[PDB]
Every structure is written in C-alpha cells, then in structure tokens.
file upload-v8.txt (compact mmCIF, C-alpha atoms and all ligand atoms)
# COMPACT_ATOMS: atom_id res chain seq x y z
CA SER A 1 -16.10 24.36 30.93
CA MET A 2 -15.00 23.20 27.50
CA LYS A 3 -11.33 23.86 28.29
CA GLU A 4 -11.29 22.04 31.64
CA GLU A 5 -12.83 18.99 29.99
CA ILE A 6 -10.22 19.26 27.22
CA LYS A 7 -7.36 19.49 29.73
CA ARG A 8 -8.59 16.36 31.53
CA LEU A 9 -8.92 14.50 28.23
CA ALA A 10 -5.37 15.52 27.29
CA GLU A 11 -4.07 14.62 30.75
CA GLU A 12 -5.63 11.16 30.51
CA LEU A 13 -4.28 10.59 26.99
CA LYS A 14 -0.72 11.62 27.86
CA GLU A 15 -0.54 9.26 30.87
CA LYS A 16 -2.02 6.32 28.94
CA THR A 17 0.54 6.36 26.16
CA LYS A 18 4.09 5.07 26.12
CA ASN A 19 4.69 6.97 22.85
CA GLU A 20 6.68 10.12 23.62
CA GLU A 21 5.45 11.95 20.50
CA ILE A 22 1.81 11.26 21.38
CA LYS A 23 2.67 12.56 24.85
CA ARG A 24 4.12 15.77 23.37
CA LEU A 25 1.17 16.34 21.00
CA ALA A 26 -1.29 15.80 23.89
CA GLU A 27 0.47 18.50 25.91
CA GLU A 28 0.71 20.91 22.97
CA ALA A 29 -3.00 20.35 22.25
CA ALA A 30 -3.96 21.14 25.85
CA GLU A 31 -1.84 24.31 25.90
CA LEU A 32 -3.13 25.60 22.56
CA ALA A 33 -6.70 24.75 23.56
CA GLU A 34 -6.23 26.69 26.82
CA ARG A 35 -5.37 29.84 24.83
CA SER A 36 -8.13 29.28 22.27
CA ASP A 37 -11.07 31.66 21.95
CA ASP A 38 -12.89 29.93 19.08
CA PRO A 39 -15.61 27.46 20.19
CA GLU A 40 -15.50 25.69 16.83
CA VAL A 41 -11.81 24.96 17.51
CA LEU A 42 -12.51 23.73 21.04
CA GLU A 43 -15.25 21.42 19.76
CA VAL A 44 -12.86 19.81 17.28
CA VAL A 45 -10.10 19.40 19.88
CA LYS A 46 -12.54 17.80 22.34
CA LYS A 47 -13.95 15.39 19.77
CA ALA A 48 -10.42 14.53 18.55
CA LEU A 49 -9.22 13.82 22.09
CA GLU A 50 -12.35 11.82 22.97
CA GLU A 51 -11.97 9.70 19.83
CA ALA A 52 -8.27 9.18 20.56
CA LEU A 53 -9.13 7.93 24.06
CA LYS A 54 -11.51 5.35 22.52
CA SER A 55 -8.88 4.09 20.05
CA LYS A 56 -6.28 1.36 20.42
CA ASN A 57 -4.53 2.26 17.15
CA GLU A 58 -1.53 4.48 17.91
CA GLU A 59 -1.29 5.83 14.34
CA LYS A 60 -4.93 6.90 14.51
CA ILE A 61 -4.21 8.65 17.83
CA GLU A 62 -1.23 10.47 16.33
CA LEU A 63 -3.35 11.67 13.38
CA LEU A 64 -6.17 12.83 15.68
CA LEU A 65 -3.74 14.74 17.93
CA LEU A 66 -2.05 16.32 14.90
CA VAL A 67 -5.50 17.52 13.77
CA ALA A 68 -6.19 19.00 17.20
CA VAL A 69 -2.83 20.80 17.29
CA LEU A 70 -3.29 22.12 13.73
CA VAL A 71 -6.77 23.54 14.30
CA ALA A 72 -5.91 24.98 17.73
CA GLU A 73 -2.63 26.55 16.58
CA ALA A 74 -4.43 28.10 13.60
CA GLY A 75 -7.36 29.59 15.52
CA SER A 76 -10.01 28.40 13.07
CA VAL A 77 -11.06 25.21 11.35
CA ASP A 78 -11.28 27.20 8.09
CA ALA A 79 -7.60 28.13 8.10
CA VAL A 80 -6.59 24.43 7.96
CA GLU A 81 -9.34 23.10 5.68
CA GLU A 82 -7.00 21.26 3.32
CA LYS A 83 -5.11 19.47 6.11
CA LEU A 84 -8.41 18.67 7.86
CA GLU A 85 -9.82 17.20 4.65
CA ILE A 86 -6.76 14.98 4.24
CA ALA A 87 -7.14 13.71 7.81
CA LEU A 88 -10.85 13.01 7.38
CA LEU A 89 -10.12 11.15 4.13
CA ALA A 90 -7.58 8.95 5.90
CA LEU A 91 -9.87 8.40 8.90
CA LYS A 92 -12.72 7.43 6.57
CA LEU A 93 -10.56 5.02 4.58
CA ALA A 94 -9.29 3.53 7.86
CA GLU A 95 -12.81 2.67 9.04
CA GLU A 96 -13.98 1.54 5.59
CA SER A 97 -11.23 -1.08 5.26
CA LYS A 98 -10.53 -4.22 7.28
CA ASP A 99 -7.01 -4.75 5.92
CA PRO A 100 -4.58 -3.59 8.65
CA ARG A 101 -2.14 -2.63 5.89
CA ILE A 102 -4.61 -0.21 4.28
CA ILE A 103 -5.54 1.24 7.68
CA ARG A 104 -1.88 1.85 8.48
CA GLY A 105 -1.04 3.20 5.03
CA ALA A 106 -3.90 5.72 5.04
CA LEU A 107 -3.10 7.10 8.52
CA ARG A 108 0.69 7.20 7.97
CA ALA A 109 0.38 8.89 4.56
CA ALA A 110 -1.89 11.54 6.11
CA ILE A 111 0.42 12.03 9.14
CA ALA A 112 3.45 12.56 6.91
CA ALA A 113 1.55 14.90 4.55
CA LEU A 114 0.36 17.06 7.44
CA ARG A 115 3.80 17.15 9.04
CA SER A 116 5.38 18.19 5.73
CA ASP A 117 3.26 21.37 5.36
CA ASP A 118 4.26 20.95 1.68
CA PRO A 119 1.71 22.07 -0.95
CA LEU A 120 2.58 19.42 -3.52
CA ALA A 121 2.77 16.65 -0.91
CA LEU A 122 -0.61 17.68 0.55
CA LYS A 123 -2.26 17.70 -2.88
CA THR A 124 -0.63 14.42 -3.93
CA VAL A 125 -1.66 12.64 -0.74
CA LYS A 126 -5.20 14.05 -0.90
CA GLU A 127 -5.61 12.74 -4.47
CA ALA A 128 -4.06 9.38 -3.54
CA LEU A 129 -6.53 8.96 -0.68
CA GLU A 130 -9.46 9.92 -2.93
CA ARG A 131 -8.21 7.44 -5.56
CA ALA A 132 -7.94 4.70 -2.93
CA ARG A 133 -11.48 5.33 -1.64
CA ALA A 134 -12.86 5.14 -5.17
CA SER A 135 -11.01 1.86 -5.84
CA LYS A 136 -12.17 -1.65 -4.96
CA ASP A 137 -8.75 -3.17 -5.80
CA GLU A 138 -7.09 -3.60 -2.41
CA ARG A 139 -3.78 -4.39 -4.14
CA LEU A 140 -3.92 -1.06 -5.98
CA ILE A 141 -4.94 0.78 -2.80
CA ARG A 142 -1.95 -0.64 -0.96
CA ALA A 143 0.34 0.43 -3.79
CA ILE A 144 -1.21 3.92 -3.96
CA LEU A 145 -0.72 4.38 -0.20
CA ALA A 146 2.88 3.11 -0.28
CA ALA A 147 3.71 5.62 -3.02
CA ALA A 148 1.92 8.46 -1.23
CA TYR A 149 3.71 7.76 2.05
CA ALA A 150 7.15 7.57 0.42
CA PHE A 151 6.42 10.87 -1.37
CA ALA A 152 5.21 12.68 1.74
CA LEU A 153 8.26 11.36 3.61
CA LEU A 154 10.57 12.98 1.05
CA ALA A 155 8.77 16.24 1.75
CA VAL A 156 9.00 15.81 5.55
CA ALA A 157 12.72 15.20 5.15
CA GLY A 158 13.25 18.44 3.22
CA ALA A 159 13.97 17.13 -0.27
CA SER A 160 14.78 19.99 -2.63
CA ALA A 161 11.68 21.33 -4.37
CA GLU A 162 13.01 20.27 -7.79
CA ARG A 163 13.75 16.74 -6.62
CA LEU A 164 10.26 16.42 -5.13
CA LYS A 165 8.72 17.68 -8.38
CA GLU A 166 10.55 14.92 -10.29
CA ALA A 167 9.65 12.34 -7.63
CA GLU A 168 5.98 13.03 -8.34
CA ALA A 169 6.49 11.68 -11.87
CA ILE A 170 7.55 8.39 -10.24
CA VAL A 171 4.44 8.42 -8.02
CA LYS A 172 2.41 8.67 -11.24
CA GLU A 173 4.47 5.94 -12.93
CA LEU A 174 4.03 3.61 -9.93
CA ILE A 175 0.27 4.09 -9.74
CA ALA A 176 -0.14 3.61 -13.49
CA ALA A 177 1.97 0.44 -13.40
CA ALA A 178 -0.03 -0.91 -10.46
CA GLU A 179 -3.28 -0.32 -12.36
CA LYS A 180 -1.86 -2.36 -15.28
CA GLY A 181 -1.12 -5.31 -13.00
CA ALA A 182 2.61 -4.81 -12.38
CA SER A 183 4.12 -7.13 -9.79
CA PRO A 184 4.47 -6.11 -6.13
CA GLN A 185 8.21 -6.49 -6.61
CA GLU A 186 8.36 -4.05 -9.53
CA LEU A 187 6.27 -1.57 -7.50
CA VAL A 188 8.81 -1.80 -4.66
CA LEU A 189 11.57 -1.09 -7.21
CA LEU A 190 9.68 2.07 -8.17
CA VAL A 191 9.50 3.19 -4.52
CA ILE A 192 13.29 2.73 -4.32
CA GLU A 193 13.69 4.77 -7.52
CA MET A 194 11.45 7.56 -6.13
CA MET A 195 13.54 7.77 -2.92
CA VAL A 196 16.86 7.75 -4.81
CA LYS A 197 15.55 10.60 -6.99
CA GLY A 198 14.14 12.51 -4.01
CA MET A 199 17.39 12.34 -2.08
CA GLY A 200 19.77 13.01 -4.98
CA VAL A 201 21.76 9.78 -4.78
CA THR A 202 22.38 7.14 -7.45
CA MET A 203 21.32 3.56 -8.06
CA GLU A 204 22.20 0.61 -10.28
CA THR A 205 20.08 -2.50 -10.69
CA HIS A 206 21.35 -6.05 -11.32
CA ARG A 207 18.99 -8.89 -12.24
CA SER A 208 19.88 -12.58 -12.14
CA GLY A 209 17.33 -15.35 -12.08
CA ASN A 210 14.40 -14.14 -10.00
CA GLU A 211 16.54 -11.83 -7.81
CA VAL A 212 16.88 -8.09 -8.36
CA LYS A 213 19.72 -6.32 -6.54
CA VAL A 214 19.56 -2.52 -6.23
CA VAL A 215 22.85 -0.86 -5.29
CA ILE A 216 22.55 2.64 -3.85
CA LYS A 217 25.69 4.75 -3.48
CA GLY A 218 26.41 7.95 -1.59
CA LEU A 219 23.81 7.73 1.18
CA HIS A 220 24.47 9.68 4.37
CA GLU A 221 23.15 8.21 7.63
CA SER A 222 20.23 10.67 7.63
CA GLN A 223 19.36 9.68 4.07
CA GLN A 224 19.79 6.00 4.90
CA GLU A 225 17.06 6.13 7.54
CA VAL A 226 14.53 7.96 5.35
CA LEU A 227 15.05 5.69 2.34
CA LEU A 228 14.76 2.50 4.36
CA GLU A 229 11.64 3.73 6.17
CA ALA A 230 9.85 4.32 2.87
CA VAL A 231 11.13 1.10 1.26
CA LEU A 232 10.43 -1.19 4.22
CA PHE A 233 6.99 0.36 4.76
CA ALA A 234 6.25 -0.20 1.05
CA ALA A 235 7.45 -3.80 1.25
CA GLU A 236 5.23 -4.35 4.30
CA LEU A 237 2.25 -2.81 2.49
CA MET A 238 2.71 -4.79 -0.72
CA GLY A 239 3.75 -8.12 0.80
CA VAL A 240 7.30 -8.10 -0.58
CA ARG A 241 10.18 -9.75 1.24
CA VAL A 242 13.23 -7.48 1.13
CA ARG A 243 16.79 -8.02 2.32
CA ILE A 244 19.43 -5.34 2.92
CA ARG A 245 23.23 -5.31 2.90
CA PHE A 246 25.54 -2.44 3.80
CA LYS A 247 29.24 -1.89 3.06
CA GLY A 248 30.73 1.56 3.54
CA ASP A 249 28.21 4.16 2.38
CA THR A 250 26.63 1.61 -0.02
CA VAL A 251 23.21 0.05 0.62
CA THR A 252 22.07 -2.98 -1.36
CA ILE A 253 18.38 -3.87 -1.41
CA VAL A 254 17.44 -7.34 -2.66
CA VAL A 255 13.97 -8.29 -3.94
CA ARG A 256 12.94 -11.77 -5.12
CA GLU A 257 10.21 -12.29 -7.74
CL CL B 301 -12.81 7.05 32.12
call {"tool": "encode", "arguments": {"input": "upload-v8.txt", "output": "structure tokens", "more": "lines below"}}
Ligand SMILES: [Cl-]
result
Amino acid sequence: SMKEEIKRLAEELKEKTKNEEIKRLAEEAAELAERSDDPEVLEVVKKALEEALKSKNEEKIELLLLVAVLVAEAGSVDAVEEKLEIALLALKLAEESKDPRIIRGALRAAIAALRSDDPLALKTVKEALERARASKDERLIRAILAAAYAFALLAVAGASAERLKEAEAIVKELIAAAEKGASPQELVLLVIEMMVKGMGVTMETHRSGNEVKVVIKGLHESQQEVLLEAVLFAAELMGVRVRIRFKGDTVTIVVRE
C-alpha cells in the first residue's frame, strides 16, 4: 500500500540521519501519513520522503520533511498552498544555483518561514524568493536571502507583532541598498539593526578607520542566540568576517571594511 511504503521510507530516513530534528520530523510524517485518508496527501509525503532519501543536503531534507508534515497534518494540499509554494520556490532556487551559499539561504529562509506560521513572514519570504529567482545578481540574491532569513527568524522567535512590522522596513531598506551597490559590510550592519529592532534592545555604532563596532545592550541569553544566528548566517552568506566580544549583558560585533 501507499502507507506501508511511506512508513518504510520514513523508517529508512530516520535511521540514516544523525540529526535529531530530522529524526523527529520523519516519525511525525509517518504517523500523520498513517492516519491520512487523502491520496493527494499521501502522494506528496511519498515523493517528499523519496526525494529526501536521494539528497545529501540536510537542509533540503529538513525542508522536504516539513512539507510532508504540513500537508499530512492539514489533510489536504490545498489547505497549505502558501507554505507549499514557498517550499517549491526555495527548492527551485536551490537547484537553479550552484553557489552553496544561495542554496543554503533559500532552504533556511523557507524552513524558518514555514516554522513561523506568521502571515507577514510567509509573504515576505515568498516575495524575497521570487525576487531572488528573477535576479541574475548573485550578490543581491545572497543579500535578499540573508535579510529574509533574519526576518523569518524574528518571527520564529516570537517577536512582538509591532516589532516585526517595523523590522520589515529594514528588510526593504537592506534590499534597496543592496540593489544600489552597498557594501557587504553595510548590509551586515543592516541585519544587525533589523535584529536589534525585532528584539527590542538597543545599539550604538562606533566607526574608526575601516572598523565598525556595534555595541548591543540588554540582550538576554535567549535573545543573544537568535541575534547571533541571524548575524553570523548573514556574514557567511555575504562573505563578511565578523568578530564578537561579550562583557556582562553587552555584545559587541566588529566588522572591517
Ligand atoms: Cl535502498
């Protein structure tokens, strides 16, 4: 049957991985598929699991399993059309590009968007992925994806709705600046600014020579981890070397032009 094949695919996937979250999604997928009545759903789960088994990219596998869980938990592919379209966009961009940074940015932005279940984050990431696919500027694509990931991460972390609304103005500012040739270092500064705004903390910037020092005060340990994930991911995507210092509850992020 369809379900027995799906359970074997999930069983194989969950033993092959060392990633505990992929293991949990594989099991959730198998259980939801077991209870599924909709053959359209079962087809999508099977094709997601088969594709995951053929992949060596763990972010791609996470995205595919998230798709399978979403469709199977919903009962229909139509109920999750927007999330499905975001995942397809990311999967298309990931096979259309050879840059490992673009591949990783597309899949991670889509994963975070889907996990957020946040209307504004879903729409912003969908548009970012469309904009990246229409662009031939790989530098701009990498900046678009870094902004989209940081934004979706704020949503995943439960930023207040009003702080996320204001963070979207910084997404727009970053993308506009990138299109006008702004430096990778200034685009990283904008990702820092977006995170500081999204988390309700404060920042001061100090520039001397070719070094820019951003001092961020009032970060809790939970906020520290979210801000540094977005900022280090952005620095990896845009090829920026970043250094970090910590004293008390103060984080200092150093960028060199
Ligand atoms: Cl096999």
call {"tool": "residues_around", "arguments": {"input": "upload-v8.txt", "residues": "segment 169-185 of chain A", "least_positions_apart": "3", "cutoff": "8 Å", "atoms": "all atoms listed in the file", "output": "JSON, numbers by chain"}}
result
{"A": [140, 143, 144, 147, 148, 151, 165, 166, 188, 189, 190, 191, 193, 194, 238, 239, 240, 255, 256, 257]}
call {"tool": "residues_near_point", "arguments": {"input": "upload-v8.txt", "point": "(23.5, -5.5, -10.2)", "cutoff": "12 Å", "atoms": "only C-alpha atoms", "output": "JSON, numbers by chain"}}
result
{"A": [203, 204, 205, 206, 207, 208, 209, 211, 212, 213, 214, 215, 216, 252, 253, 254, 255]}
call {"tool": "closest_residue", "arguments": {"input": "upload-v8.txt", "among": "A:129, A:53, A:10, A:69", "to": "ligand CL 301 (chain B)", "atoms": "all atoms listed in the file"}}
result
A:53
call {"tool": "closest_residue", "arguments": {"input": "upload-v8.txt", "among": "A:133, A:60, A:14, A:139", "to": "residue 93 of chain A", "atoms": "only C-alpha atoms"}}
result
A:133
call {"tool": "residues_near_ligand", "arguments": {"input": "upload-v8.txt", "ligand": "ligand CL 301 (chain B)", "cutoff": "12 Å", "atoms": "all atoms listed in the file", "output": "JSON, numbers by chain"}}
result
{"A": [8, 9, 11, 12, 13, 16, 50, 53, 54]}
call {"tool": "write_last_selection", "arguments": {"input": "upload-v8.txt", "atoms": "C-alpha atoms", "output": "PDB file, in the frame of the given file"}}
result
ATOM      1  CA  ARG A   8      -8.590  16.360  31.530  1.00  0.00           C
ATOM      2  CA  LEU A   9      -8.920  14.500  28.230  1.00  0.00           C
ATOM      3  CA  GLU A  11      -4.070  14.620  30.750  1.00  0.00           C
ATOM      4  CA  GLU A  12      -5.630  11.160  30.510  1.00  0.00           C
ATOM      5  CA  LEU A  13      -4.280  10.590  26.990  1.00  0.00           C
ATOM      6  CA  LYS A  16      -2.020   6.320  28.940  1.00  0.00           C
ATOM      7  CA  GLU A  50     -12.350  11.820  22.970  1.00  0.00           C
ATOM      8  CA  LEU A  53      -9.130   7.930  24.060  1.00  0.00           C
ATOM      9  CA  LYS A  54     -11.510   5.350  22.520  1.00  0.00           C
TER      10      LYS A  54
END
call {"tool": "residues_around", "arguments": {"input": "upload-v8.txt", "residues": "residue 76 of chain A", "least_positions_apart": "6", "cutoff": "8 Å", "atoms": "all atoms listed in the file", "output": "list in words"}}
result
residues 38, 40 and 41 of chain A
call {"tool": "atom_distance", "arguments": {"input": "upload-v8.txt", "atom1": "atom CA of residue 71 of chain A", "atom2": "atom CA of residue 45 of chain A"}}
result
7.7 Å
call {"tool": "atom_distance", "arguments": {"input": "upload-v8.txt", "atom1": "atom CA of residue 242 of chain A", "atom2": "atom CA of residue 149 of chain A"}}
result
18.0 Å
call {"tool": "closest_residue", "arguments": {"input": "upload-v8.txt", "among": "A:117, A:210, A:105, A:251", "to": "residue 234 of chain A", "atoms": "only C-alpha atoms"}}
result
A:105
call {"tool": "closest_residue", "arguments": {"input": "upload-v8.txt", "among": "A:232, A:223, A:96, A:90", "to": "residue 127 of chain A", "atoms": "only C-alpha atoms"}}
result
A:90
